[PDB]
Amino acid sequence: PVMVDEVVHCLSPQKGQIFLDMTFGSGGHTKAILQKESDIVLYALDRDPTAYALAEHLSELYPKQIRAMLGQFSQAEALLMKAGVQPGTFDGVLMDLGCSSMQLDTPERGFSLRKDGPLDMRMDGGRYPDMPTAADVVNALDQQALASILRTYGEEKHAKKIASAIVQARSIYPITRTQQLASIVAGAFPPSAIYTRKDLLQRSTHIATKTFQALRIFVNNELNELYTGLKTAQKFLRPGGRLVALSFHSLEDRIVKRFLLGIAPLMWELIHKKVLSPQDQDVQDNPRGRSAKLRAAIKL
Amino acid sequence: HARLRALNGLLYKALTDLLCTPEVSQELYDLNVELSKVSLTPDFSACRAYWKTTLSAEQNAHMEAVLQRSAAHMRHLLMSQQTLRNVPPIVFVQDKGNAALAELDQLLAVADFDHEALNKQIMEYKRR
Amino acid sequence: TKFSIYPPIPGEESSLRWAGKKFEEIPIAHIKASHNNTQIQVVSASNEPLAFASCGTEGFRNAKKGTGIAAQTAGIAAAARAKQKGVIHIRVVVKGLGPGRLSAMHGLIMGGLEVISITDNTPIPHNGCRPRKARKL
Amino acid sequence: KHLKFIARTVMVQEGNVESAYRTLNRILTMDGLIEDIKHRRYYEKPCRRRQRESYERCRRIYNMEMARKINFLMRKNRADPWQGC
RNA sequence: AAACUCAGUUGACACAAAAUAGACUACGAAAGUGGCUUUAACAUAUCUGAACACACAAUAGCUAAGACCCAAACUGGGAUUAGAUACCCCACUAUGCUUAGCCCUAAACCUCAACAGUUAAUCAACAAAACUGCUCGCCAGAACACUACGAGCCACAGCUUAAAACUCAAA
Ligand SMILES: Nc1ncnc2c1ncn2[C@@H]1O[C@H](CSCC[C@H](N)C(=O)O)[C@@H](O)[C@H]1O
Ligand SMILES: [K+]
Ligand SMILES: [Mg+2]
Ligand SMILES: [Mg+2]
Ligand SMILES: [Mg+2]
Ligand SMILES: [Mg+2]
Ligand SMILES: [Mg+2]
Ligand SMILES: [Mg+2]
Ligand SMILES: [Mg+2]
Ligand SMILES: [Mg+2]
Ligand SMILES: [Mg+2]
Ligand SMILES: [Mg+2]
């Protein structure tokens with residue numbers, strides 16, 4: 001759990017309080033929250049049926065203190081209405097974004113380009129078979145559509161080149177493997193450019209990382225669904241409740257910041273004025289959570 | 001763009017201060033010219049100052065001629081005051097917008113009463 | 001005779017009077033017109049404060065302070081306060097070249113007080129403290 | 001340290017306060033005080049000041065020469081006395 | 001927005017800076033020098049003359065001790081940014097000042113060396129019209145190179161002098 005100490009300190013778990021975890025995933029933050037407070041009431045929602053089953057299994061440890069739920073942010077309102085809390089009155093809401101550590105580590109899920117897997121890149125784990133896969137997205141979207149998606153979601157300056165390379169490759173052969181797509185993206189640039197791009201940590205990274213990020217966002221519709229999830233969390237949160245959001249890329253951080261700042265009187269009070277960041281040593285320990293920015297607010 | 005808006009406001013304030021003095025010329029001060037707004041070209045090629053025009057047509061022409069004559073001198077004065085390091089040429093544009101509002105007031109006194117778009121292509125490819 | 005723009009000399013046999021008072025006895029109205037504000041203070045001939053007003057005091061905030069309307073409102077308020085203290089004729093001394101430099105005067109005229117002499121006392125260092133470097137944008 | 005209400009002081013004539021203010025502003029402009037006040041808002045570097053002064057001198061000389069030339073040649077602008085030839 | 005609880009009138013008050021004059025074109029070898037007074041004082045009438053010495057040399061900078069208005073690298077905030085820097089706003093430091101030494105660099109440029117002479121038959125171009133006599137300094141394709149090495153210097157991430165190899169048919 002990235003910045004678990006900061007999340008725990010800011011949310012301040014207490015006896016008799018109601019908390020929601022809109023993204024269970026591994027549940028490390030949820031497990032830590034239940035560890036600190038043994039009398040807390042918690043609802044944990046996730047999209048991955050594997051994560052839902054993990055939460056159900058972990059409910060053996062806490063029978064009723066944790067309640068698992070499977071669905072998207074759009075489905076979150078309906079599922080919680082089925083649960084029976086329309087006012088919500090949650091004493092807290094935690095929203096962790098990005099891809100799950102379990103999802104990314106597993107090559108079968110296809111989120112990792114380092115390990116070859118099917119070009120699925122779908123956070124859903126079989127709940128919606130009709131949901132398109134990343135392979136379908138690349139083999140379906142046209143040159144202009146793919147370039148626009150890459151530019152808007154992966155912040156890729158050379159969206160045209162990568163889109164054209166992907167279109168040529170899919171015209172030759174179907175694109176079904178993550179390593180295949182990574183090789184296609186690398187082929188759009190000189191081979192020396194495979195690791196030329198360096199992250200903010202100034203370490204060599206694959207040139208297809210931005211393409212994978214954009215494709216994952218478009219497959220999962222992370223931006224609009226994050227907007228809907230933030231709106232539902234605001235609607236359900238108790239007055240004076242604490243909302244803590246963790247981000248991993250600039251687009252979602254911008255969306256959360258604009259939602260919190262209303263970019264009309266403000267409906268949030270920022271617990272921490274400046275964005276919280278993990279310790280540099282913690283960043284070295286967890287390179288995946290380096291770009292995790294914490295934004296905390298109280299409902300107003 | 002934010003920088004363009006800030007520069008427009010700064011130039012409007014500077015020009016308004018300039019015209020409230022006999023600094024540029026005695027005749028221009030006697031004309032008592034007013035400004036509605038100041039807009040910069042997107043490429044910073046020119047600065048259009050929209051000056052309000054009176055009802056008198058001959059007086060309007062005289063004021064416009066004096067402003068056209070003194071535009072270069074006012075640009076030099078602005079560059080001298082260091083309000084802006086590089087000041088584009090100043091073009092004085094007549095503003096008749098308030099005349100329409102005034103005539104409407106006169107006549108009304110007597111008037112009687114993204115993802116989803118590409119999801120279609122994805123669906124079609126999946127079905128095909 | 002004829003009118004003279006030059007003020008009558010203190011300690012001189014000047015026949016000009018205002019409400020029976022001499023020019024050295026007429027109260028003073030100081031108007032500091034800063035680039036973003038306009039402060040007006042009326043004092044007696046013996047530097048006795050009588051009325052004070054400013055755009056901030058009138059309730060205008062931020063850029064609204066640096067407007068001619070705000071300066072006129074401050075002038076009207078200061079003139080009303082001075083009139084309630086018996087002031088009729090004033091000698092106006094103004095410093096700075098703020099937007100309200102004239103506008104405040106208009107308000108100070110709208111309050112019923114009569115301006116008998118307009119004076120400029122803008123601080124002009126012949127060469128003193130070095131001013132701030134030119135803004136770059 | 002000087003006496004007040006002697007420098008930059010204009011007496012209003014029959015209450016035309018606007019006219020008195022315009023007269024005082026014209027006096028300040030003619031004496032160059034407004035130029036100094038506005039140019040001392042920000043520090044003009046000595047090289048920039050020298051360039052500006054040289055440009056102003058050149059422009060004044062050129063304008064005077066052009067005006068003199070126009071005035072001298074204005075005499076020729078009469079009606080044509082040899083129309084048809 | 002931040003921060004100040006201070007702001008305005010009046011009075012007292014500098015080791016800072018030197019309106020207008022100055023639309024003047026002066027002084028000095030150059031750098032430079034534009035508040036006032038006083039003292040001292042502006043070489044040589046026969047020219048030229050430093051990698052070959054003596055003495056200077058803006059700003060920035062170093063060393064030590066002061067001065068504190070303002071300005072201001074840097075820094076700290078404030079906004080802004082996904083975040084960060086820059087620009088903008090605020091506060092503030094080295095520093096700009098004085099004293100005593102150093103450093104010796106500038107687009108140190110009238111980009112036109114000093115002295116003498118001519119306006120007679122113009123001159124690639126542009127620039128500041130074209131030349132002659134004489135002397136000193138300097139140049140010999142570009143780039144490598146305001147570099148390396150050597151040497152000198154109060155200089156220690158410096159300055160001055162200044163190459164070569166490889167490469168190009170241009171610059
Ligand atoms: N819109 C959405 N609705 C529900 N669950 C979502 C979601 N978007 C992502 N998720 C899930 O939430 C996780 C996002 S990142 C994982 C964070 C999680 N707290 C952890 O530490 O594991 C993934 O497990 C993903 O499957
Ligand atoms: K002086
Ligand atoms: Mg000699
Ligand atoms: Mg020599
Ligand atoms: Mg020196
Ligand atoms: Mg020094
Ligand atoms: Mg300061
Ligand atoms: Mg020089
Ligand atoms: Mg010589
Ligand atoms: Mg050098
Ligand atoms: Mg060297
Ligand atoms: Mg050496």
# chains A, B, ... in the order shown; residues from 1 in each chain; ligands from 1
>>> residues_near_ligand(ligand="ligand 9", cutoff="10 Å", atoms="only C-alpha atoms (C1' of nucleotides) and all ligand atoms", output="list in words")
residues 48, 49, 50, 113, 114, 115, 135, 136 and 137 of chain E
>>> write_last_selection(atoms="C-alpha atoms (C1' of nucleotides)", output="PDB file, in the first residue's frame")
ATOM      1  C1'   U E  48      56.307  57.053 -34.668  1.00  0.00           C
ATOM      2  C1'   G E  49      57.444  53.586 -30.884  1.00  0.00           C
ATOM      3  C1'   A E  50      55.657  47.237 -26.558  1.00  0.00           C
ATOM      4  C1'   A E 113      45.828  52.391 -35.489  1.00  0.00           C
ATOM      5  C1'   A E 114      49.238  56.944 -34.638  1.00  0.00           C
ATOM      6  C1'   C E 115      51.234  61.190 -37.330  1.00  0.00           C
ATOM      7  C1'   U E 135      55.723  54.042 -38.812  1.00  0.00           C
ATOM      8  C1'   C E 136      54.220  50.404 -35.336  1.00  0.00           C
ATOM      9  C1'   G E 137      50.959  46.152 -34.343  1.00  0.00           C
TER      10        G E 137
END
>>> select_by_dssp(residues="stretch 37-267 of chain A", states="helix (DSSP H, G or I)", output="number ranges by chain")
A: 49-58, 73-83, 101-105, 134-140, 143-153, 159-172, 178-187, 191-194, 209-220, 222-236, 250-261
>>> residues_around(residues="residue D:44", least_positions_apart="2", cutoff="9 Å", atoms="only C-alpha atoms (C1' of nucleotides)", output="MDAnalysis selection string")
(chainID B and resid 80:82) or (chainID C and resid 131 133:134) or (chainID D and resid 39:40 42 46:49)
>>> residues_around(residues="residue A:22", least_positions_apart="4", cutoff="12 Å", atoms="only C-alpha atoms (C1' of nucleotides)", output="JSON, numbers by chain")
{"A": [27, 29, 30, 42, 43, 44, 45, 46, 47, 48, 52, 67, 68, 69, 70, 71, 72, 73, 74, 75, 76, 77, 79, 80, 90, 92, 93, 94, 95, 96, 97, 225, 226, 228, 229, 230, 232, 233, 236, 237, 243, 244, 245, 246]}
>>> residues_around(residues="residue A:211", least_positions_apart="5", cutoff="10 Å", atoms="only C-alpha atoms (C1' of nucleotides)", output="VMD selection string")
chain A and resid 149 to 151 153 to 156 159 162 to 163 181 to 182 185 206 216 to 217
>>> write_last_selection(atoms="N, CA, C and O atoms", output="PDB file, in the first residue's frame")
ATOM      1  N   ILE A 149      -6.554   9.042 -29.462  1.00  0.00           N
ATOM      2  CA  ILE A 149      -6.611   8.353 -28.175  1.00  0.00           C
ATOM      3  C   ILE A 149      -5.245   8.370 -27.503  1.00  0.00           C
ATOM      4  O   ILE A 149      -5.125   8.674 -26.310  1.00  0.00           O
ATOM      5  N   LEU A 150      -4.192   8.055 -28.261  1.00  0.00           N
ATOM      6  CA  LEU A 150      -2.845   8.058 -27.699  1.00  0.00           C
ATOM      7  C   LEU A 150      -2.458   9.448 -27.210  1.00  0.00           C
ATOM      8  O   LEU A 150      -1.954   9.606 -26.093  1.00  0.00           O
ATOM      9  N   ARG A 151      -2.713  10.474 -28.025  1.00  0.00           N
ATOM     10  CA  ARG A 151      -2.331  11.831 -27.650  1.00  0.00           C
ATOM     11  C   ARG A 151      -3.072  12.295 -26.403  1.00  0.00           C
ATOM     12  O   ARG A 151      -2.479  12.922 -25.517  1.00  0.00           O
ATOM     13  N   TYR A 153      -4.651  10.381 -24.015  1.00  0.00           N
ATOM     14  CA  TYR A 153      -4.599   9.528 -22.833  1.00  0.00           C
ATOM     15  C   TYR A 153      -3.183   9.216 -22.372  1.00  0.00           C
ATOM     16  O   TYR A 153      -2.917   9.212 -21.166  1.00  0.00           O
ATOM     17  N   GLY A 154      -2.267   8.937 -23.295  1.00  0.00           N
ATOM     18  CA  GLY A 154      -0.888   8.684 -22.952  1.00  0.00           C
ATOM     19  C   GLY A 154       0.010   9.892 -23.029  1.00  0.00           C
ATOM     20  O   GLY A 154       1.205   9.777 -22.738  1.00  0.00           O
ATOM     21  N   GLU A 155      -0.531  11.052 -23.414  1.00  0.00           N
ATOM     22  CA  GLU A 155       0.245  12.285 -23.557  1.00  0.00           C
ATOM     23  C   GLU A 155       1.436  12.081 -24.490  1.00  0.00           C
ATOM     24  O   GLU A 155       2.524  12.616 -24.268  1.00  0.00           O
ATOM     25  N   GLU A 156       1.226  11.300 -25.545  1.00  0.00           N
ATOM     26  CA  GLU A 156       2.286  10.958 -26.484  1.00  0.00           C
ATOM     27  C   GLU A 156       2.346  12.014 -27.581  1.00  0.00           C
ATOM     28  O   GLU A 156       1.366  12.219 -28.306  1.00  0.00           O
ATOM     29  N   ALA A 159       1.977  10.559 -31.442  1.00  0.00           N
ATOM     30  CA  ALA A 159       0.837   9.656 -31.537  1.00  0.00           C
ATOM     31  C   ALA A 159       0.616   9.193 -32.972  1.00  0.00           C
ATOM     32  O   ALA A 159       0.235   8.041 -33.205  1.00  0.00           O
ATOM     33  N   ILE A 162       3.134   6.222 -33.903  1.00  0.00           N
ATOM     34  CA  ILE A 162       2.798   4.965 -33.242  1.00  0.00           C
ATOM     35  C   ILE A 162       1.494   4.405 -33.793  1.00  0.00           C
ATOM     36  O   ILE A 162       1.367   3.193 -34.012  1.00  0.00           O
ATOM     37  N   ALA A 163       0.504   5.271 -34.023  1.00  0.00           N
ATOM     38  CA  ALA A 163      -0.763   4.811 -34.581  1.00  0.00           C
ATOM     39  C   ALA A 163      -0.570   4.223 -35.972  1.00  0.00           C
ATOM     40  O   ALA A 163      -1.137   3.171 -36.291  1.00  0.00           O
ATOM     41  N   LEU A 181       2.806  -6.059 -29.422  1.00  0.00           N
ATOM     42  CA  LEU A 181       2.485  -4.636 -29.482  1.00  0.00           C
ATOM     43  C   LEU A 181       3.678  -3.781 -29.077  1.00  0.00           C
ATOM     44  O   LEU A 181       3.919  -2.719 -29.663  1.00  0.00           O
ATOM     45  N   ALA A 182       4.431  -4.220 -28.065  1.00  0.00           N
ATOM     46  CA  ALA A 182       5.619  -3.478 -27.657  1.00  0.00           C
ATOM     47  C   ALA A 182       6.647  -3.431 -28.779  1.00  0.00           C
ATOM     48  O   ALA A 182       7.266  -2.388 -29.021  1.00  0.00           O
ATOM     49  N   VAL A 185       5.454  -0.930 -31.354  1.00  0.00           N
ATOM     50  CA  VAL A 185       5.681   0.445 -30.915  1.00  0.00           C
ATOM     51  C   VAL A 185       7.158   0.802 -31.029  1.00  0.00           C
ATOM     52  O   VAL A 185       7.515   1.907 -31.459  1.00  0.00           O
ATOM     53  N   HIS A 206      10.536   1.700 -21.095  1.00  0.00           N
ATOM     54  CA  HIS A 206      10.107   1.270 -22.417  1.00  0.00           C
ATOM     55  C   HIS A 206       9.320   2.378 -23.106  1.00  0.00           C
ATOM     56  O   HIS A 206       8.544   3.098 -22.473  1.00  0.00           O
ATOM     57  N   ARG A 216      -4.932   1.198 -21.912  1.00  0.00           N
ATOM     58  CA  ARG A 216      -5.629   0.770 -20.704  1.00  0.00           C
ATOM     59  C   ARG A 216      -6.699   1.775 -20.300  1.00  0.00           C
ATOM     60  O   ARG A 216      -7.821   1.391 -19.944  1.00  0.00           O
ATOM     61  N   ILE A 217      -6.375   3.071 -20.359  1.00  0.00           N
ATOM     62  CA  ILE A 217      -7.355   4.091 -19.994  1.00  0.00           C
ATOM     63  C   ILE A 217      -8.551   4.042 -20.934  1.00  0.00           C
ATOM     64  O   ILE A 217      -9.705   4.124 -20.497  1.00  0.00           O
TER      65      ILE A 217
END
>>> atom_distance(atom1="atom CA of residue B:70", atom2="atom CA of residue B:24")
7.2 Å
>>> residues_around(residues="stretch 55-66 of chain C", least_positions_apart="3", cutoff="12 Å", atoms="only C-alpha atoms (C1' of nucleotides)", output="ChimeraX atom specification")
/B:9,13 /C:31-40,52,69-78,97-101,103-104 /E:1,7
>>> decode(residues="stretch 38-62 of chain D", atoms="N, CA, C and O atoms", output="PDB file, in the first residue's frame")
ATOM      1  N   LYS D  38       6.397  59.091 -14.590  1.00  0.00           N
ATOM      2  CA  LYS D  38       6.089  57.798 -15.187  1.00  0.00           C
ATOM      3  C   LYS D  38       7.340  57.005 -15.542  1.00  0.00           C
ATOM      4  O   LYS D  38       7.317  55.772 -15.484  1.00  0.00           O
ATOM      5  N   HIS D  39       8.433  57.675 -15.913  1.00  0.00           N
ATOM      6  CA  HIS D  39       9.657  56.960 -16.247  1.00  0.00           C
ATOM      7  C   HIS D  39      10.428  56.506 -15.016  1.00  0.00           C
ATOM      8  O   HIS D  39      11.283  55.623 -15.132  1.00  0.00           O
ATOM      9  N   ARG D  40      10.152  57.081 -13.849  1.00  0.00           N
ATOM     10  CA  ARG D  40      10.798  56.645 -12.620  1.00  0.00           C
ATOM     11  C   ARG D  40      10.035  55.534 -11.913  1.00  0.00           C
ATOM     12  O   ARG D  40      10.452  55.110 -10.831  1.00  0.00           O
ATOM     13  N   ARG D  41       8.927  55.058 -12.489  1.00  0.00           N
ATOM     14  CA  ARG D  41       8.251  53.896 -11.926  1.00  0.00           C
ATOM     15  C   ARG D  41       9.143  52.664 -11.986  1.00  0.00           C
ATOM     16  O   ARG D  41       9.197  51.878 -11.034  1.00  0.00           O
ATOM     17  N   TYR D  42       9.852  52.483 -13.097  1.00  0.00           N
ATOM     18  CA  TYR D  42      10.784  51.381 -13.268  1.00  0.00           C
ATOM     19  C   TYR D  42      12.132  51.941 -13.690  1.00  0.00           C
ATOM     20  O   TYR D  42      12.208  52.965 -14.374  1.00  0.00           O
ATOM     21  N   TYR D  43      13.200  51.265 -13.278  1.00  0.00           N
ATOM     22  CA  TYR D  43      14.546  51.750 -13.556  1.00  0.00           C
ATOM     23  C   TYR D  43      14.897  51.502 -15.015  1.00  0.00           C
ATOM     24  O   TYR D  43      14.910  50.355 -15.473  1.00  0.00           O
ATOM     25  N   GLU D  44      15.185  52.577 -15.740  1.00  0.00           N
ATOM     26  CA  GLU D  44      15.672  52.483 -17.109  1.00  0.00           C
ATOM     27  C   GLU D  44      17.192  52.404 -17.074  1.00  0.00           C
ATOM     28  O   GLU D  44      17.852  53.319 -16.569  1.00  0.00           O
ATOM     29  N   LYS D  45      17.741  51.312 -17.598  1.00  0.00           N
ATOM     30  CA  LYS D  45      19.177  51.104 -17.537  1.00  0.00           C
ATOM     31  C   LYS D  45      19.898  52.183 -18.345  1.00  0.00           C
ATOM     32  O   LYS D  45      19.370  52.676 -19.347  1.00  0.00           O
ATOM     33  N   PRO D  46      21.101  52.581 -17.917  1.00  0.00           N
ATOM     34  CA  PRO D  46      21.766  53.726 -18.562  1.00  0.00           C
ATOM     35  C   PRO D  46      21.966  53.567 -20.058  1.00  0.00           C
ATOM     36  O   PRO D  46      21.843  54.550 -20.797  1.00  0.00           O
ATOM     37  N   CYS D  47      22.280  52.359 -20.531  1.00  0.00           N
ATOM     38  CA  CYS D  47      22.408  52.150 -21.970  1.00  0.00           C
ATOM     39  C   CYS D  47      21.080  52.382 -22.677  1.00  0.00           C
ATOM     40  O   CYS D  47      21.030  53.027 -23.731  1.00  0.00           O
ATOM     41  N   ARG D  48      19.990  51.866 -22.103  1.00  0.00           N
ATOM     42  CA  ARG D  48      18.671  52.092 -22.682  1.00  0.00           C
ATOM     43  C   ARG D  48      18.311  53.570 -22.664  1.00  0.00           C
ATOM     44  O   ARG D  48      17.738  54.088 -23.628  1.00  0.00           O
ATOM     45  N   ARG D  49      18.635  54.265 -21.571  1.00  0.00           N
ATOM     46  CA  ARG D  49      18.351  55.693 -21.496  1.00  0.00           C
ATOM     47  C   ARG D  49      19.130  56.468 -22.550  1.00  0.00           C
ATOM     48  O   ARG D  49      18.588  57.376 -23.188  1.00  0.00           O
ATOM     49  N   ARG D  50      20.406  56.128 -22.741  1.00  0.00           N
ATOM     50  CA  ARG D  50      21.205  56.807 -23.757  1.00  0.00           C
ATOM     51  C   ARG D  50      20.663  56.540 -25.154  1.00  0.00           C
ATOM     52  O   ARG D  50      20.585  57.456 -25.982  1.00  0.00           O
ATOM     53  N   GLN D  51      20.286  55.291 -25.436  1.00  0.00           N
ATOM     54  CA  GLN D  51      19.709  54.977 -26.738  1.00  0.00           C
ATOM     55  C   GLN D  51      18.417  55.748 -26.964  1.00  0.00           C
ATOM     56  O   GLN D  51      18.193  56.297 -28.049  1.00  0.00           O
ATOM     57  N   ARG D  52      17.558  55.809 -25.943  1.00  0.00           N
ATOM     58  CA  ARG D  52      16.301  56.535 -26.070  1.00  0.00           C
ATOM     59  C   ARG D  52      16.538  58.022 -26.288  1.00  0.00           C
ATOM     60  O   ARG D  52      15.863  58.650 -27.109  1.00  0.00           O
ATOM     61  N   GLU D  53      17.490  58.608 -25.558  1.00  0.00           N
ATOM     62  CA  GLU D  53      17.774  60.029 -25.721  1.00  0.00           C
ATOM     63  C   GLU D  53      18.337  60.329 -27.104  1.00  0.00           C
ATOM     64  O   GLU D  53      17.961  61.326 -27.731  1.00  0.00           O
ATOM     65  N   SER D  54      19.242  59.478 -27.597  1.00  0.00           N
ATOM     66  CA  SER D  54      19.772  59.671 -28.943  1.00  0.00           C
ATOM     67  C   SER D  54      18.672  59.550 -29.988  1.00  0.00           C
ATOM     68  O   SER D  54      18.610  60.348 -30.933  1.00  0.00           O
ATOM     69  N   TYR D  55      17.791  58.559 -29.832  1.00  0.00           N
ATOM     70  CA  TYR D  55      16.684  58.401 -30.767  1.00  0.00           C
ATOM     71  C   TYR D  55      15.754  59.605 -30.726  1.00  0.00           C
ATOM     72  O   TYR D  55      15.273  60.060 -31.768  1.00  0.00           O
ATOM     73  N   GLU D  56      15.481  60.129 -29.529  1.00  0.00           N
ATOM     74  CA  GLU D  56      14.617  61.297 -29.412  1.00  0.00           C
ATOM     75  C   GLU D  56      15.245  62.519 -30.066  1.00  0.00           C
ATOM     76  O   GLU D  56      14.555  63.283 -30.751  1.00  0.00           O
ATOM     77  N   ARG D  57      16.548  62.723 -29.867  1.00  0.00           N
ATOM     78  CA  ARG D  57      17.221  63.845 -30.515  1.00  0.00           C
ATOM     79  C   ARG D  57      17.178  63.709 -32.031  1.00  0.00           C
ATOM     80  O   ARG D  57      16.884  64.679 -32.743  1.00  0.00           O
ATOM     81  N   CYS D  58      17.455  62.506 -32.542  1.00  0.00           N
ATOM     82  CA  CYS D  58      17.414  62.291 -33.984  1.00  0.00           C
ATOM     83  C   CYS D  58      16.013  62.514 -34.535  1.00  0.00           C
ATOM     84  O   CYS D  58      15.846  63.135 -35.590  1.00  0.00           O
ATOM     85  N   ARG D  59      14.993  62.018 -33.832  1.00  0.00           N
ATOM     86  CA  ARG D  59      13.621  62.183 -34.291  1.00  0.00           C
ATOM     87  C   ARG D  59      13.203  63.646 -34.278  1.00  0.00           C
ATOM     88  O   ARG D  59      12.536  64.110 -35.206  1.00  0.00           O
ATOM     89  N   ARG D  60      13.584  64.389 -33.235  1.00  0.00           N
ATOM     90  CA  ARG D  60      13.256  65.809 -33.188  1.00  0.00           C
ATOM     91  C   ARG D  60      13.936  66.569 -34.318  1.00  0.00           C
ATOM     92  O   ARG D  60      13.310  67.409 -34.975  1.00  0.00           O
ATOM     93  N   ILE D  61      15.216  66.281 -34.566  1.00  0.00           N
ATOM     94  CA  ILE D  61      15.929  66.962 -35.643  1.00  0.00           C
ATOM     95  C   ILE D  61      15.300  66.635 -36.991  1.00  0.00           C
ATOM     96  O   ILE D  61      15.091  67.522 -37.829  1.00  0.00           O
ATOM     97  N   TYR D  62      14.977  65.359 -37.217  1.00  0.00           N
ATOM     98  CA  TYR D  62      14.372  64.957 -38.482  1.00  0.00           C
ATOM     99  C   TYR D  62      12.997  65.584 -38.667  1.00  0.00           C
ATOM    100  O   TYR D  62      12.653  66.019 -39.770  1.00  0.00           O
TER     101      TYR D  62
END
